[PDB]
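Student: Experimental structure and sequence below, a few questions after.
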Amino acid sequence: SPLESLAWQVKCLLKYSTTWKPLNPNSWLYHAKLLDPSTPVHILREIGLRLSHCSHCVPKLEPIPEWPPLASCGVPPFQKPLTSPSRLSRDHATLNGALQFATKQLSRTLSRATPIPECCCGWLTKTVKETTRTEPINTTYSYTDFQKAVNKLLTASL
Amino acid sequence: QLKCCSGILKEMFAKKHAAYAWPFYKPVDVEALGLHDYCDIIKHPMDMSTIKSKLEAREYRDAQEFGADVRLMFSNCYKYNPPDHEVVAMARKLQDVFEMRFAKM
Amino acid sequence: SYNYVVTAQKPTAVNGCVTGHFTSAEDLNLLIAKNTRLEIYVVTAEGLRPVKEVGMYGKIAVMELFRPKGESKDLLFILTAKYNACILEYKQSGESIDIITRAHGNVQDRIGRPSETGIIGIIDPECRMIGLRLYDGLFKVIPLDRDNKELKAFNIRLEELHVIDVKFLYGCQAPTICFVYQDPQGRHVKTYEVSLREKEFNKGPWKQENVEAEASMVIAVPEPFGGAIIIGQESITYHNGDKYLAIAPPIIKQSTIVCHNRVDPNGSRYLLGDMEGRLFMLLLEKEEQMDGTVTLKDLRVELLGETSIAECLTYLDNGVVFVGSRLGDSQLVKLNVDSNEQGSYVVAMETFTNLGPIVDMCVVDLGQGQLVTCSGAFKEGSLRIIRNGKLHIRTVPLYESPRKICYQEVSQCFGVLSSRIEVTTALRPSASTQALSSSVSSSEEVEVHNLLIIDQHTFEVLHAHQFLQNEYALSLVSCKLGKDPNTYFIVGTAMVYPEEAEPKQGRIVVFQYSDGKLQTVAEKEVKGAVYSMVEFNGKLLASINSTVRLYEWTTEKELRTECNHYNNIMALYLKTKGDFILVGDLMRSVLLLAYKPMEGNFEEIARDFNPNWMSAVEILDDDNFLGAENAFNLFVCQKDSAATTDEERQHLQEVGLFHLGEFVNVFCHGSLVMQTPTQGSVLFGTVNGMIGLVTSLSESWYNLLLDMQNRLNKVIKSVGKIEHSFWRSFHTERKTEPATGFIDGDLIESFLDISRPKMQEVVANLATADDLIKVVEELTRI
Amino acid sequence: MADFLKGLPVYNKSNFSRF
Ligand SMILES: *CCS(=O)(=O)Nc1ccc(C2=N[C@@H](CC(=O)OC(C)(C)C)c3nnc(C)n3-c3sc(C)c(C)c32)cc1
Ligand SMILES: [Zn+2]
């Protein structure tokens, strides 16, 4: 798909960036199956959410939690919970329906989790906009523009 | 004569080679590609678009001056980048066409 | 931002209860811990007499009575969730009641991983020390003496990192702990001795023994028996060294026992509450040997009957048992030797209202606002109608879990999402199974989800629609869509399978309830869980997994997709105002979207990029966005007005922070008072049944009330000597900052109750006291 | 009937008598 090709292109250039800060490959988001690393398009998603960012443009981004807190999933990082399933269900029964559903899903998915072993923003913006051969040289793009363009592309393509 | 030179340059712009020719189509922008070293390690910058503009300016005296600029482009790439790198291998690939069709000039 | 937060309804869920002699040597006292509240009752001929109710600047996690040698009456130990430890004494000097802070301190550690099973606080039977299990691998010992006024504790390294439950054993020459822990070899029970002078652990009286896989509770038995009773899932065991005595009664297999209480002072009888609400009595049979020693012969469990789902139990006196519930109403019950002819020996004496958990609520006008909340869970689940009087509450029991509520004024009915547990066969009759008219959707324990149409007047289940197998109903809205004059009940659902991480299926089902009948008007198949739905300018705004989709209602009475937004992890919450949409994420805090009518698509405005585990979101106004997260904190985000660059303009700035101490489940626009220093009114309902109100103040009002906060903090004495600034400080396991842009309305309101000399001291060199009394009264009337 | 509920502890027999 064209979106997959653009994602591949973006990944293959960011693999050279020393200022790029990708999301941790052992993030709970991969473990919870909320991001799919099988298909390259995940990078674009991570760009859209500022889960992967350029440190040159955004030097002071707040860190992304590695594992959800106990209230959020009821599962210690990559460990089976000590608390009995009945007790966890009773605790989750106190949550609003959307949060209850999310928490039960996260518990169920992160119970089976296993650990994963461990600035070109202007040109990436032009690549995502598909305007590498048309934009003037004077045009300058930061990570903000790259994020906006990635979000627009995902909206159009997903 | 330079009509032939233009024909090789168009055959390098041609869509068959663009899978490997695309980095050379325009000057290496330094603010966009984060390459805050080009101006120091490379002194005179050349690209296929500049070569095309110089053909349009008829600034070349002969096919060897065109050869000189297109060589200064490939040289600039072969130099600024580590060997085994991708742009050095799509460079090696693009020089191939240039030579195979220039050798027949 | 400038916000004012005030409690309208104090938390009602009971988190702890103890009995002892705290107010006097002769009084029999019941102490109840409801989150931030501590209530003291005297057991009398007429029942429970409340003598003092106190508020603490913390979330009570440990509450234990102990009597040191030389003390005429019991002292209290309280630990908060923010690790504020205090040894308190009840002091009475004639019509004046004071909770004296004998000792106070903070026992948090700079480094430490909080334990999964939570904070455990135990006291030595001889009151030699207080033990605290706070972190993995650390047992904190606070020596008890008159000179340790600062609670100078010391840590002992605990080899067992995964400790489930720990107690101090009786009849030991040295302070001894017995605890159940988990290792790769299963769950075991172990004992240690504590040496204060050596500051270390020594070998326990009896070596370790393997226990049940789900062994969860430790009960230290008094003399004459000694030893411990381990309670798990399908067995109850007794260990006292060479004495091992296990039983596996089938009656306890059906539900997990969650709480215990010792009835007899000698430990021959225990109360056990399970998750289904069943009350059992554990009986330990005595055997007086000819050697002169008393041993245990057999364990017996008898089904006493049914109570409210018990968080904690406590035998008071004369067969009366207090049952403290967080999932339902608490109750005083009576144990009788003779059954009620129904096989039940338990008879309920009194009910204490609990609103928790408030999973959803709404404000209706049945010009006076009333709150209707989905309270409780399982057999305790109900609807609660709260109105101003102080608060008057009517309970409509459902006997199943309510999940969502929406009012349909044109139909004079409420739509309520409900769930019941079936084994299919229902475990008990409930609202969904006893509807006047019922229908089923066309095209172990299981959750069966229903939409209940409930009369506004009689609060009777008029209709119940049973959704598909494996279908969970998440979102509900009552609205009119497009050009269709009919008002619909719209339900978002999700098919749930263990094979799937994210739901690959879900439905938007549009029903019409008319002429006392329910018909399915339309069904749309989506590719995920419909978490939230909002009526958006005649269109249907829904959140499906990680997407926010705006649908239009066509003339053919079917939903057609207008636009999509994909930049989310898990869009759980949606609120709208005008053309603005507040999208609450699972972890990515709040995002502001603007629908563009001229382009027919969404536009991202600004996202709060501080990771917040959102539980509820609300829009205060076009600029201010209020959110609550799972660490009991409220925040207010603004669009950066001083933003000069695009990057700055993409950021929502957290301008207000406040530690509430409550887990907010729902925000709603509305007031309980009849239709002022403050503008706006947002009610919030929380897990513990606490209901609060957030309003907005100007710069001058906020400044004045913050100065008053400082003066009151200087003047007002805190129970446990906890600083108000420390308590209200925004706090997660990652980040801690002082509260900003939030006025603690409870603190300000407390100014009216202090003595007039204290009032004059507070307002000195501010301004007479009368003007500020008028100010605080105006604040109260909101 | 329930011989195991016969002797429940009494701290003060007046307690809960006038409930
Ligand atoms: C990832 C796509 S790829 O086609 O597989 N490989 C690829 C193509 C072109 C380049 C370019 N490299 C730069 C020097 C460099 O390594 O730049 C960064 C990648 C930004 C670190 C280069 N040297 N000489 C020339 C003409 N280039 C250009 S111009 C241009 C546009 C690009 C992408 C390159 C790297 C990998
Ligand atoms: Zn950048």
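Tutor: Alright, I've got the coordinates. Numbers count the residues shown, from 1 in each chain, chains lettered A, B, ... in the order given. Ligands and ions are numbered 1, 2, ... in the order given.
Student: In chain B, which residue sits nearest ligand 2?
Tutor: Relative to ligand 2, the nearest point of chain B is residue B:34 (7.3 Å; Cβ to the ion). All C-beta spots, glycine's among them, are computed from the backbone N, C-alpha and C.
Student: burial count for that residue?
Tutor: Residue B:34 has 22 neighbouring residues, counting by other Cβ atoms under 10 Å in any protein chain shown.
Student: Does it belong to a helix, a strand or coil?
Tutor: When classified by DSSP: H, G, I helix; E, B strand; the rest coil, residue B:34 comes out as coil.
Student: Please apply the same query to residue B:22.
Tutor: helix.
Student: residue of the stretch 301-450 of chain C with the smallest distance to chain D?
Tutor: In the stretch 301-450 of chain C, no residue comes nearer to chain D than residue C:317, which is 4.1 Å away by Cβ to the nearest Cβ.
Student: Quick check: that residue touching residue C:27?
Tutor: No. Residue C:317 lies out of contact with residue C:27 (Cβ atoms under 8 Å); the separation is 11.8 Å.
Student: Report the set of residues contacting both of the two.
Tutor: residue C:43 (Cβ atoms under 8 Å, 6 or more residues apart in numbering or on different chains).
Student: At the geometric centre of chain A, which residue do we find?
Tutor: The centroid of chain A falls nearest to residue A:46 when counting by Cα atoms, centre = their mean (3.3 Å).
Student: What is the neighbour count of the closest residue to that residue other than its chain neighbours?
Tutor: Spatially, and ignoring its direct neighbours in sequence, residue A:46 is nearest to residue A:52 (4.1 Å; Cβ to Cβ, 6 or more residues apart in numbering or on different chains). Neighbour count for residue A:52, taken as other Cβ under 10 Å: 19.
Student: go on, residue C:643?
Tutor: If we define neighbours as other Cβ under 10 Å, then residue C:643 has 14 of them.
Student: contacting residues around residue 8?
Tutor: Just so you know, I chose chain A. So residue A:8 contacts residue A:40 (Cβ under 8 Å, 6+ apart).
Student: my bad, the chain I had in mind was chain C
Tutor: So residue C:8 contacts C:391, C:672, C:683, C:691, C:692, C:693 (Cβ under 8 Å, 6+ apart).
Student: So out of everything in chain A, what residue is nearest chain B?
Tutor: residue A:122 (3.4 Å).
Student: Tell me which helix or strand comes right after the strand or helix carrying the residue nearest to the centre of chain A.
Tutor: Under the criterion of DSSP states H and E, residue A:46 resides in helix A:41-48. Next along the chain after helix A:41-48, taking DSSP H and E as the criterion, comes strand A:53-54.
Student: From the contact counts, what lies against the helix or strand following that next one?
Tutor: Once strand A:53-54 ends, the next helix or strand along the chain (criterion: DSSP H and E) is helix A:70-73. Packing contacts for helix A:70-73, counted by 3 or more Cβ pairs under 8 Å, 6 or more residues apart in numbering or on different chains; DSSP states H and E, involve helix A:97-111.
Student: what's in contact with stretch C:154-161?
Tutor: C:109, C:133, C:136-141, C:179, C:181, C:183, C:190, C:194, C:199-201.
Student: biggest separation within these, which pair?
Tutor: With Cβ to Cβ as the measure, no two of those lie farther apart than C:183 and C:199, at 25.4 Å.
Student: quick one on the thing from earlier: so what does the residue nearest to residue A:46 look like in phi/psi?
Tutor: The phi and psi values for residue A:52, taken as degrees, to the nearest 10, are phi -120, psi 130.
Student: show me the contacts for it.
Tutor: A:20, A:21, A:22, A:23, A:43, A:46.
Student: do residue C:136 as well
Tutor: Here residue C:136 is in contact with C:112, C:113, C:115, C:158, C:161, C:162, C:163 (Cβ under 8 Å, 6+ apart).
Student: Next: residue A:53.
Tutor: Counting by Cβ under 8 Å, 6+ apart, residue A:53 touches A:20, A:21, A:47, A:61, A:143.
Student: I'd assumed residue A:150 was in contact with the third one.
Tutor: Yes. At 4.5 Å, residue A:47 and residue A:150 qualify as touching, with contact defined as Cβ under 8 Å.
Student: Comparing these two, which residue is more hemmed in?
Tutor: Taking neighbours as other Cβ under 10 Å, residue A:47 and residue A:150 compare with residue A:47 leading, 28 against 25.
Student: The residue nearest to the spatial centre of chain D and residue C:735: what is the separation?
Tutor: Residue closest to the mean C-alpha point of chain D, counted by Cα atoms, centre = their mean, is residue D:8 at 5.1 Å. Computed as Cβ to Cβ, to the nearest Å, the residue D:8 to residue C:735 distance reads 51 Å.
Student: Tell me, how many residues neighbour residue 3?
Tutor: Since no chain was named, I'll use chain A. Using other Cβ under 10 Å, the number of residues around residue A:3 comes to 16.
Student: that answer is for a different chain, and I need it for chain D
Tutor: Counted with other Cβ under 10 Å, residue D:3 comes out at 9.
Student: same thing with residue C:655?
Tutor: 19.
Student: quick one, what contacts it?
Tutor: C:1, C:636, C:637, C:638, C:740, C:741.
Student: do the same with residue A:124
Tutor: A:10, A:13, A:14, A:141, A:146.
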